[PDB]
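Since the structure comes first, as structure tokens, the remarks are kept for the end.
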Amino acid sequence: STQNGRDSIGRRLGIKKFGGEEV
Amino acid sequence: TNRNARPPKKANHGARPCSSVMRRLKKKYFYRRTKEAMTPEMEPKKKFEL
Amino acid sequence: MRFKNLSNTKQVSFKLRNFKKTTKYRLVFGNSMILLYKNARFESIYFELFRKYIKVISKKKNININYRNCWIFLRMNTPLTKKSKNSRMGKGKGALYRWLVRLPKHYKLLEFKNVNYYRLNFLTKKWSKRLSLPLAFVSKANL
RNA sequence: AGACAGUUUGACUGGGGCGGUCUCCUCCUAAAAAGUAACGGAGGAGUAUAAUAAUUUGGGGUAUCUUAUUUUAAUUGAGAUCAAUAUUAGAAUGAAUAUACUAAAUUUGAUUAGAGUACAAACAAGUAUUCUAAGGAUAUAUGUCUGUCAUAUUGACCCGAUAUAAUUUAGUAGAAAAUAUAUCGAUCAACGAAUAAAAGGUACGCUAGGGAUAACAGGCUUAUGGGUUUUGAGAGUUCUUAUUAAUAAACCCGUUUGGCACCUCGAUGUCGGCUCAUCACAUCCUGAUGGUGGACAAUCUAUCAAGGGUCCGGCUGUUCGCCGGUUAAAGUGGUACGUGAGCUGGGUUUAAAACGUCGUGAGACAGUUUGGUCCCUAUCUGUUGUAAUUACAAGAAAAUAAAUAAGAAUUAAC
RNA sequence: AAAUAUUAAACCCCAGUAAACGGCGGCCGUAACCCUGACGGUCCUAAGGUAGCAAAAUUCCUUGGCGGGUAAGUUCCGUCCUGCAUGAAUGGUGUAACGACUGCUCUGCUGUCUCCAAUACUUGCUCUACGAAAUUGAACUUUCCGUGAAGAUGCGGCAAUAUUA
RNA sequence: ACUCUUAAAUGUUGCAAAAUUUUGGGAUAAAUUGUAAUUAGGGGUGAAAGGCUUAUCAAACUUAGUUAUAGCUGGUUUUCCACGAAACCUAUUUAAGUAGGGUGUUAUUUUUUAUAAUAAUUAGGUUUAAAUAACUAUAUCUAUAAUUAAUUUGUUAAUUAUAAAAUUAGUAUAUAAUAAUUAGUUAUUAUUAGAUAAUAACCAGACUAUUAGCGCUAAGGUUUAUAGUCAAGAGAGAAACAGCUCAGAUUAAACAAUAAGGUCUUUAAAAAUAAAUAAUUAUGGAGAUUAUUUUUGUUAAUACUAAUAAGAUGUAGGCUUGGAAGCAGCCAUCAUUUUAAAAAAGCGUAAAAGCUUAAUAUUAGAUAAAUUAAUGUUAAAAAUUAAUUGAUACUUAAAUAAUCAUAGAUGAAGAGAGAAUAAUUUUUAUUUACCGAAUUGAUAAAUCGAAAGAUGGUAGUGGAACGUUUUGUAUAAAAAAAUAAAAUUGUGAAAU
Ligand SMILES: [Mg+2]
Ligand SMILES: [Mg+2]
Ligand SMILES: [Mg+2]
Ligand SMILES: [Mg+2]
Ligand SMILES: [Mg+2]
Ligand SMILES: [Mg+2]
Ligand SMILES: [Mg+2]
Ligand SMILES: [Mg+2]
Ligand SMILES: [Mg+2]
Ligand SMILES: [Mg+2]
Ligand SMILES: [Mg+2]
Ligand SMILES: [Mg+2]
Ligand SMILES: [Mg+2]
Ligand SMILES: [Mg+2]
Ligand SMILES: [Mg+2]
Ligand SMILES: [Mg+2]
Ligand SMILES: [Mg+2]
Ligand SMILES: [Mg+2]
Ligand SMILES: [Mg+2]
Ligand SMILES: [Mg+2]
Ligand SMILES: [Mg+2]
Ligand SMILES: [Mg+2]
Ligand SMILES: [Mg+2]
Ligand SMILES: [Mg+2]
Ligand SMILES: [Mg+2]
Ligand SMILES: [Mg+2]
Ligand SMILES: [Mg+2]
Ligand SMILES: [Mg+2]
Ligand SMILES: [Mg+2]
Ligand SMILES: [Mg+2]
Ligand SMILES: [Mg+2]
Ligand SMILES: [Mg+2]
Ligand SMILES: [Mg+2]
Ligand SMILES: [Mg+2]
Ligand SMILES: [Mg+2]
Ligand SMILES: [Mg+2]
Ligand SMILES: [Mg+2]
Ligand SMILES: [Mg+2]
Ligand SMILES: [Mg+2]
Ligand SMILES: [Mg+2]
Ligand SMILES: [Mg+2]
Ligand SMILES: [Mg+2]
Ligand SMILES: [Mg+2]
Ligand SMILES: [Mg+2]
Ligand SMILES: [Mg+2]
Ligand SMILES: [Mg+2]
Ligand SMILES: [Mg+2]
Ligand SMILES: [Mg+2]
Ligand SMILES: [Mg+2]
Ligand SMILES: [Mg+2]
Ligand SMILES: [Mg+2]
Ligand SMILES: [Mg+2]
Ligand SMILES: [Mg+2]
Ligand SMILES: [Mg+2]
Ligand SMILES: [Mg+2]
Ligand SMILES: [Mg+2]
Ligand SMILES: [Mg+2]
Ligand SMILES: [Mg+2]
Ligand SMILES: [Mg+2]
Ligand SMILES: [Mg+2]
Ligand SMILES: [Mg+2]
Ligand SMILES: [Mg+2]
Ligand SMILES: [Mg+2]
Ligand SMILES: [Mg+2]
Ligand SMILES: [Mg+2]
Ligand SMILES: [Mg+2]
Ligand SMILES: [Mg+2]
Ligand SMILES: [Mg+2]
Ligand SMILES: [Mg+2]
Ligand SMILES: [Mg+2]
Ligand SMILES: [Mg+2]
Ligand SMILES: [Mg+2]
Ligand SMILES: [Mg+2]
Ligand SMILES: [Mg+2]
Ligand SMILES: [Mg+2]
Ligand SMILES: [Mg+2]
Ligand SMILES: [Mg+2]
Ligand SMILES: [Mg+2]
Ligand SMILES: [Mg+2]
Ligand SMILES: [Mg+2]
Ligand SMILES: [Mg+2]
Ligand SMILES: [Mg+2]
Ligand SMILES: [Mg+2]
Ligand SMILES: [Mg+2]
Ligand SMILES: [Mg+2]
Ligand SMILES: [Mg+2]
Ligand SMILES: [Mg+2]
Ligand SMILES: [Mg+2]
Ligand SMILES: [Mg+2]
Ligand SMILES: [Mg+2]
Ligand SMILES: [Mg+2]
Ligand SMILES: [Mg+2]
Ligand SMILES: [Mg+2]
Ligand SMILES: [Mg+2]
Ligand SMILES: [Mg+2]
Ligand SMILES: [Mg+2]
Ligand SMILES: [Mg+2]
Ligand SMILES: [Mg+2]
Ligand SMILES: [Mg+2]
Ligand SMILES: [Mg+2]
Ligand SMILES: [Mg+2]
Ligand SMILES: [Mg+2]
Ligand SMILES: [Mg+2]
Ligand SMILES: [Mg+2]
Ligand SMILES: [Mg+2]
Ligand SMILES: [Mg+2]
Ligand SMILES: [Mg+2]
Ligand SMILES: [Mg+2]
Ligand SMILES: [Mg+2]
Ligand SMILES: [Mg+2]
Ligand SMILES: [Mg+2]
Ligand SMILES: [Mg+2]
Ligand SMILES: [Mg+2]
Ligand SMILES: [Mg+2]
Ligand SMILES: [Mg+2]
């Protein structure tokens, strides 16, 4: 018997535009 | 038969395609195989002092 | 594991399938010391067998010393769970039967202050033969 | 009125079932971008709130410790200290310190409409917010505000419903009705939701498939198991090693209990017994020898050793096991736990029937009891025996050696 | 168009029905010794397993304990009672006679067995006439160990065989 | 007799699609049996077993709806040329199915939003760490301010708390800070594709190397990540081997140089120069024996070896004890005689006695050898510091090499077999060379391509052709069929 599991999905976080790029 | 324990020779550069030999033997400098029949000791708050 | 609530909480820790660490040994408190020379799971009975034989050395009748002889820093770190006999895999993790200490390579098991050089060499050799581990003895003299 | 009928009676899963789970959030796993599974480890959510919200204003910076004070502190004064603690609605992480906490004045931006990019992303869905217009609050505003520090705090479409910023053609005009803007109703929780509407038994059983998937057996593993070896707590008059041996340790074997699920699911197999065997040695007796707390005898222990040998009988379905009696001894095991195309079929796994127990009921049982059907002409290998044809040396009739292999009964009273 | 009033069988409530189904308790303490518990209280229930039988076709622990029989008996007979999960028309207890029924025992008898031998016919083997069957990738078809889709006549490695019936 | 069929053997492609032989039950009765007839498919009939109903019964037989349906198994027929996947994600009464993305092919287009390599560059918070904020545990220091007992209370003795200062170990869910590589963007070079459209297959994966989670950090185990190979891929080496190494095959054909590997014979190919081992030589364990080499130092010429001798005394130390006399045990470790000799490092005793080592003498044999650095020349009946290497013994100890460290069950079974003592052979180190693939270069041809060069291939897409049937061309021309063999041509199906 196991009550565990039930993790969530990863969330797409972080930097999307790095230094020197165009904006 | 026991393709697991067929040790690789020179031309087989340290690996066969179904061997589980070389992966065992790397563990005898940081792993030792324990036992059941020891003394039961269950107190994580044990004092090793004399 | 989690050191917060040891007795209350139920504890589990991952077995570490390849864990290796080296910590540069050096004496701090005293003169001579014993140090481990291999990554290993140090039990408790590895200590309690040769616990009296250290007291017979460091402590003696009718003699008083102000300062301190031995410095120990051992604590338990690994629960070492296990399954029953007729149990299939899956359906969770095993249960406890012991506790241990996962020590690194260069670990000061003991640190001594003015203790008989001649006996500790006689001890640590017998220590290491029961355990079959490589152990060392060091003194400020030889260094 | 199951009297009769037509149908449903989820899935995942380390066989299946019983049990548990099924959507959403946070960390570890996760390996310095993001993502990353498992019946892996842990905790949480199905809300709250018209002020806990919006704009201004004031206050001590908070927190830890010590101390003094018209003994008092809205939140007193002074001093030192704090790899950012105190807290920030609730789980966890992350972050902030112009945070947060506290006092107060005005107030409803927790408003309406229209255009568009970016992240993310099968799809659909979800997210942050600038720009333009109307109409407001705050109040130097010069400016700020399109719910709460953040992330979860839920549900498609259909059908239907209340209020309404708009339109209408089943001949025409209206009613009716449909659609449109705003909005409400589900543990449809199996949470992408197949229906408004759904449980079981089959030992009377059928068909299609699978070694994608189980029980015996093989194979890998060897926690467990058995044995060797090193150490030697404690007994042995003293005394660790005549004998004995806890504990701890280094290897081996593949006979037990098990884990996995690689071969076989397109005619077969389960324990035991009769007959028949063969192998190992980790040897029960016989044979040799060392040691002895060995006077002799009897015995204990260890080594070398596989030549030959190793019981009948009562109860049980029985290996085993207890018992009676004996013997030089009544060995441990492998060979599909040897041997069913060589015999038996008693046990156990079909149909009949009965008791007990559970169950509304069909019926069920790692409970019991009586009964109870699979067959075979041997092509090849292999083997026990028997001959034929042919070859060799000139041809032929007879007698022998040599060489290799196979075989050989053990015990011992008296 | 909607609403109220009037009302049948049926359903609920109520009553009855137990050779219908079904069901049948516990706690506390008590008598020249613990234990035992006639009794006395205690709580509850619709009522508390009464008679009788009982290791049974019903017993998990179980080859239960004692006795009988046997040189020795897990079965059998008799007997005791924690009846795990006995029990009165799903009938309880007992019972002379009957049974191709199940279990145990005795005498006699005997190739069932110790221990197997000899004989007759049939079958079989040889010649002759006739002449099937399932089956079958091909085939010039060897042992051992190793190997490997994990137990090899066929691959590898040292070897065997004059050829066939 | 008749009727039924308990028990055993036989038989089982039988005499027989349920019998033969022996035995056995009932046999005036709920009996047996003939003739003809009735009862009919969820109904019949049933002294009830789920039995019987023309060898068929948990619902007959025949025809028909009907070519029942099948996400399932089994199968899908001639040739050549090119390109070439997937076994992952997300949903699913879904898990052996299907759908979209992703990967494949073809076509089109004044077509790069692309791949690889090098370099610059940005964030990060695994890792690092004599780091320590947190949790669990933890060793020390101290100004200052105080205490307790006692008549040695104008002294003696023992103690406590504390600002500042301040150590150490550990961890899945601990880090202020901080790596490489990966990843994003830009540039450069080089390759040659990219975008859109039309559209198929796949969605059971396996192993190895690195890395983690469950597991005896056991399993050819199970689930993720990053590469590679099988899958879809031959050849050479691994004794034999889908997954390891080398390598990536258009076809042909008696040229050469090479890749991992290997050179005593089998087995194609080499020897030389120095050294290790002596074990029926590979092949490994805690650990033991032997040998060798190297090493530490509060050691020492009375070195060391052998032979003989001695190894004492105050003292039976004090105490305790049934006893304790050097040696049960407690405190003490003094001193003397000796050339030297422990209130003893041990054996021994009921306690005594007695034995041996440490320390040591006589005699003989016998090791003590090589060096570096300083104040120019004046002290002396005289005296030289710091320091190394090496021979021997004691001592610290480690390393290397060989040997042993029990073995299973059809038969050496390990090590491919046999052999070999390093002389052409095991092992180690330098040196010079060779054999060795379908690789590469050279020669011939075919197809795409200006040319350089490209051409392995499953599911799967596209292109180019052979053969067969029928009709017309044919109001024309005439035996061209079939069967077998040989020859000839074609890349080939095939044709003549
Ligand atoms: Mg998960
Ligand atoms: Mg997460
Ligand atoms: Mg029904
Ligand atoms: Mg109904
Ligand atoms: Mg239907
Ligand atoms: Mg299922
Ligand atoms: Mg299961
Ligand atoms: Mg990451
Ligand atoms: Mg890591
Ligand atoms: Mg995945
Ligand atoms: Mg929950
Ligand atoms: Mg707030
Ligand atoms: Mg403010
Ligand atoms: Mg202050
Ligand atoms: Mg919040
Ligand atoms: Mg919080
Ligand atoms: Mg709103
Ligand atoms: Mg994007
Ligand atoms: Mg969308
Ligand atoms: Mg939101
Ligand atoms: Mg706001
Ligand atoms: Mg709907
Ligand atoms: Mg009309
Ligand atoms: Mg109208
Ligand atoms: Mg629904
Ligand atoms: Mg669903
Ligand atoms: Mg769903
Ligand atoms: Mg979703
Ligand atoms: Mg039945
Ligand atoms: Mg079937
Ligand atoms: Mg098995
Ligand atoms: Mg093994
Ligand atoms: Mg074990
Ligand atoms: Mg003793
Ligand atoms: Mg002892
Ligand atoms: Mg399988
Ligand atoms: Mg098999
Ligand atoms: Mg089948
Ligand atoms: Mg078959
Ligand atoms: Mg032996
Ligand atoms: Mg024998
Ligand atoms: Mg003999
Ligand atoms: Mg008898
Ligand atoms: Mg019997
Ligand atoms: Mg006996
Ligand atoms: Mg079998
Ligand atoms: Mg068997
Ligand atoms: Mg057989
Ligand atoms: Mg009942
Ligand atoms: Mg019978
Ligand atoms: Mg034959
Ligand atoms: Mg054969
Ligand atoms: Mg009743
Ligand atoms: Mg009674
Ligand atoms: Mg009994
Ligand atoms: Mg008895
Ligand atoms: Mg009885
Ligand atoms: Mg009852
Ligand atoms: Mg009853
Ligand atoms: Mg009654
Ligand atoms: Mg009855
Ligand atoms: Mg009756
Ligand atoms: Mg009766
Ligand atoms: Mg009677
Ligand atoms: Mg009868
Ligand atoms: Mg009985
Ligand atoms: Mg005889
Ligand atoms: Mg042959
Ligand atoms: Mg084999
Ligand atoms: Mg081959
Ligand atoms: Mg062969
Ligand atoms: Mg008769
Ligand atoms: Mg009769
Ligand atoms: Mg009669
Ligand atoms: Mg029945
Ligand atoms: Mg019939
Ligand atoms: Mg039917
Ligand atoms: Mg139709
Ligand atoms: Mg259907
Ligand atoms: Mg290609
Ligand atoms: Mg893949
Ligand atoms: Mg669904
Ligand atoms: Mg399917
Ligand atoms: Mg698609
Ligand atoms: Mg595509
Ligand atoms: Mg950080
Ligand atoms: Mg530090
Ligand atoms: Mg540390
Ligand atoms: Mg970490
Ligand atoms: Mg699928
Ligand atoms: Mg898959
Ligand atoms: Mg995979
Ligand atoms: Mg899988
Ligand atoms: Mg593995
Ligand atoms: Mg696997
Ligand atoms: Mg698998
Ligand atoms: Mg290949
Ligand atoms: Mg090959
Ligand atoms: Mg390659
Ligand atoms: Mg080529
Ligand atoms: Mg060459
Ligand atoms: Mg040669
Ligand atoms: Mg060793
Ligand atoms: Mg002497
Ligand atoms: Mg004396
Ligand atoms: Mg005295
Ligand atoms: Mg004395
Ligand atoms: Mg002594
Ligand atoms: Mg004495
Ligand atoms: Mg003396
Ligand atoms: Mg030489
Ligand atoms: Mg040589
Ligand atoms: Mg060429
Ligand atoms: Mg190619
Ligand atoms: Mg091709």
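Every chain in the structure tokens has a letter given in the order shown (A, B, ...), and although residue numbers restart at 1 in each chain, ligands are simply numbered from 1 in the order shown.
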
Practice item. Give the residues of chain F that lie within 9 Å of chain C; count only C-alpha atoms (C1' of nucleotides), and format the answer as number ranges by chain. Key: F: 130, 135-139, 167-173, 212-217, 222, 286, 296

Same residues, C-alpha atoms (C1' of nucleotides), saved as a PDB file, in the first residue's frame:
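Contents of out.pdb, as written:
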```pdb
ATOM      1  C1'   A F 130      40.757  24.038   6.339  1.00  0.00           C
ATOM      2  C1'   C F 135      18.636  21.715  11.722  1.00  0.00           C
ATOM      3  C1'   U F 136      20.985  17.537  14.886  1.00  0.00           C
ATOM      4  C1'   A F 137      25.110  17.148  18.184  1.00  0.00           C
ATOM      5  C1'   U F 138      29.802  19.362  20.246  1.00  0.00           C
ATOM      6  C1'   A F 139      35.400  20.874  22.504  1.00  0.00           C
ATOM      7  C1'   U F 167      36.544  24.820  17.727  1.00  0.00           C
ATOM      8  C1'   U F 168      34.643  20.347  15.288  1.00  0.00           C
ATOM      9  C1'   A F 169      31.649  16.175  12.490  1.00  0.00           C
ATOM     10  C1'   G F 170      27.315  15.090   9.710  1.00  0.00           C
ATOM     11  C1'   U F 171      22.800  15.805   5.782  1.00  0.00           C
ATOM     12  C1'   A F 172      18.647  13.246  -0.830  1.00  0.00           C
ATOM     13  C1'   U F 173      14.475  17.273   0.271  1.00  0.00           C
ATOM     14  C1'   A F 212      20.626   8.135 -10.679  1.00  0.00           C
ATOM     15  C1'   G F 213      15.576   6.191  -8.077  1.00  0.00           C
ATOM     16  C1'   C F 214      12.987   0.947  -5.937  1.00  0.00           C
ATOM     17  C1'   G F 215      15.922  -3.748  -5.074  1.00  0.00           C
ATOM     18  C1'   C F 216      20.639  -8.124  -0.727  1.00  0.00           C
ATOM     19  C1'   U F 217      24.360  -0.055  -4.665  1.00  0.00           C
ATOM     20  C1'   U F 222      12.797  -2.505 -13.109  1.00  0.00           C
ATOM     21  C1'   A F 286      40.655 -11.485   4.203  1.00  0.00           C
ATOM     22  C1'   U F 296      62.417   5.359  10.321  1.00  0.00           C
TER      23        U F 296
END
```

Point to revise | Near-ligand residues for ligand 45, threshold 9 Å, only C-alpha atoms (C1' of nucleotides) and all ligand atoms, as a list in words | key: residues 323, 324, 325 and 326 of chain D

Practice item. Give the residue list for ligand 12 at 8 Å, counting only C-alpha atoms (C1' of nucleotides) and all ligand atoms, as a VMD selection string, sorted by chain and then by residue number. Key: chain D and resid 52 88 148

Practice item. All residues within 12 Å of ligand 13 are required, counting only C-alpha atoms (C1' of nucleotides) and all ligand atoms; please report them as JSON, numbers by chain. Key: {"D": [56, 57, 58, 59, 60, 61, 98, 99, 100, 101, 102, 103, 104]}

Review point. Can you list, as number ranges by chain, every protein, DNA or RNA residue that comes within 12 Å of residue F:441 when you count only C-alpha atoms (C1' of nucleotides), leaving out same-chain residues fewer than 2 positions away?
Key: F: 255-258, 439, 443

Review point. Taking only C-alpha atoms (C1' of nucleotides) into account, which residues of chain A are within 6 Å of chain F, as a PyMOL selection string?
Key: chain A and resi 18-19+21

Review point. Chain F residues within 6 Å of chain B, counting only C-alpha atoms (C1' of nucleotides): which ones, as an MDAnalysis selection string?
Key: chainID F and resid 207:208 238 243:244

Check your understanding: Leaving out stretch 23-26 of chain E and any residue of its chain fewer than 6 positions from it, which residues lie within 10 Å of it when counting only C-alpha atoms (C1' of nucleotides), given as a PyMOL selection string?
Key -> chain E and resi 43-49

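The shell of residues at most 10 Å from residue C:120, with only C-alpha atoms (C1' of nucleotides) counted and near chain neighbours (fewer than 6 positions) removed, consists of residues 32, 33, 34, 53, 54, 57, 126, 127, 137 and 138 of chain C.
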
Take the residues just selected and output them with N, CA, C and O atoms as a short mmCIF file (atom, residue, chain, number, x, y, z; two decimals), in the first residue's frame.
```
data_model
loop_
_atom_site.label_atom_id
_atom_site.label_comp_id
_atom_site.auth_asym_id
_atom_site.auth_seq_id
_atom_site.Cartn_x
_atom_site.Cartn_y
_atom_site.Cartn_z
N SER C 32 47.94 12.66 18.68
CA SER C 32 47.79 11.47 17.87
C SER C 32 46.32 11.23 17.55
O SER C 32 45.42 11.74 18.22
N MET C 33 46.09 10.45 16.50
CA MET C 33 44.74 10.15 16.07
C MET C 33 44.71 8.88 15.25
O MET C 33 45.74 8.40 14.76
N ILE C 34 43.51 8.35 15.10
CA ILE C 34 43.19 7.26 14.20
C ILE C 34 42.32 7.84 13.10
O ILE C 34 41.45 8.68 13.37
N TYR C 53 38.45 -1.41 25.69
CA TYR C 53 39.89 -1.42 25.55
C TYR C 53 40.46 -0.02 25.39
O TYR C 53 41.66 0.18 25.58
N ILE C 54 39.62 0.95 25.03
CA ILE C 54 40.05 2.34 25.00
C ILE C 54 39.96 2.96 26.39
O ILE C 54 40.79 3.79 26.76
N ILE C 57 42.87 2.31 28.48
CA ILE C 57 44.01 3.10 28.05
C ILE C 57 43.88 4.54 28.55
O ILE C 57 44.73 5.03 29.30
N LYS C 126 44.46 -4.71 15.42
CA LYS C 126 43.44 -5.69 15.75
C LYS C 126 42.07 -5.19 15.35
O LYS C 126 41.21 -5.96 14.92
N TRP C 127 41.83 -3.89 15.55
CA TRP C 127 40.64 -3.23 15.04
C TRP C 127 40.43 -3.57 13.57
O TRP C 127 39.41 -4.14 13.18
N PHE C 137 47.01 4.90 11.92
CA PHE C 137 47.30 5.58 13.17
C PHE C 137 48.38 6.61 12.90
O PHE C 137 49.37 6.33 12.23
N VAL C 138 48.17 7.81 13.43
CA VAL C 138 49.02 8.96 13.16
C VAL C 138 49.38 9.65 14.46
O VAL C 138 48.59 9.70 15.40
#
```

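In terms of minimum interatomic distance to chain D, B:38 ranks closest within B:30, B:38, B:50, B:43, counting only C-alpha atoms (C1' of nucleotides).
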
Exercise for review: Write out as a VMD selection string the residues lying within 10 Å of residue D:189, counting only C-alpha atoms (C1' of nucleotides) and excluding same-chain residues fewer than 2 positions away.
Suggested key: chain D and resid 22 to 23 46 187 191

Point to revise | Residues within 12 Å of residue F:94, only C-alpha atoms (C1' of nucleotides), excluding chain neighbours under 3 positions, as JSON, numbers by chain | key: {"D": [10, 11, 12, 190, 194], "F": [71, 91, 97, 98]}

Review point. Could you list, as number ranges by chain, all the residues within 10 Å of ligand 53, counting only C-alpha atoms (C1' of nucleotides) and all ligand atoms?
Key: E: 18-23, 87-91

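DSSP, applied to the backbone of this structure, assigns strand (DSSP E) to the following residues of chain C: residues 32, 33, 34, 35, 36, 40, 41, 42, 81, 82, 95, 96, 101, 102, 103, 108, 109, 110, 111, 112, 135, 136, 137 and 138 of chain C.
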
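All chain D residues having an atom within 8 Å of chain A, based on only C-alpha atoms (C1' of nucleotides), amount to residues 19, 20, 21, 25, 33, 34, 35, 39, 40, 41, 42 and 120 of chain D.
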
**Study point:** Nearby polymer residues, ligand 71, at most 9 Å, only C-alpha atoms (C1' of nucleotides) and all ligand atoms, as an NGL selection string
**Key:** :E and (154-157)

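Of the listed residues (B:42, B:48, B:22, B:29), B:22 comes nearest to residue B:6; the distances count only C-alpha atoms.
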
Exercise for review: Enumerate the residues of stretch 8-139 of chain C with a DSSP assignment of helix (DSSP H, G or I), computed from the backbone, and present them as an NGL selection string.
Suggested key: :C and (45-48 or 52-58 or 117-131)

Hey, which bits of chain E sit within 10 Å of ligand 65, and for each residue what's the closest pair of atoms and how far apart in Å (one decimal), counting only C-alpha atoms (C1' of nucleotides) and all ligand atoms, rows by chain and increasing number, as JSON lines?
```
{"residue": "E:98", "atom": "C1'", "partner": "ligand 65", "partner_atom_place_in_ligand_line": "1 (Mg)", "distance": 9.8}
{"residue": "E:99", "atom": "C1'", "partner": "ligand 65", "partner_atom_place_in_ligand_line": "1 (Mg)", "distance": 4.8}
{"residue": "E:100", "atom": "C1'", "partner": "ligand 65", "partner_atom_place_in_ligand_line": "1 (Mg)", "distance": 5.9}
{"residue": "E:101", "atom": "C1'", "partner": "ligand 65", "partner_atom_place_in_ligand_line": "1 (Mg)", "distance": 5.1}
```

Review point. Please, which residues have at least one atom within 9 Å of an atom of ligand 109, using only C-alpha atoms (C1' of nucleotides) and all ligand atoms, listed as a ChimeraX atom specification?
Key: /F:324,327-328,349,351
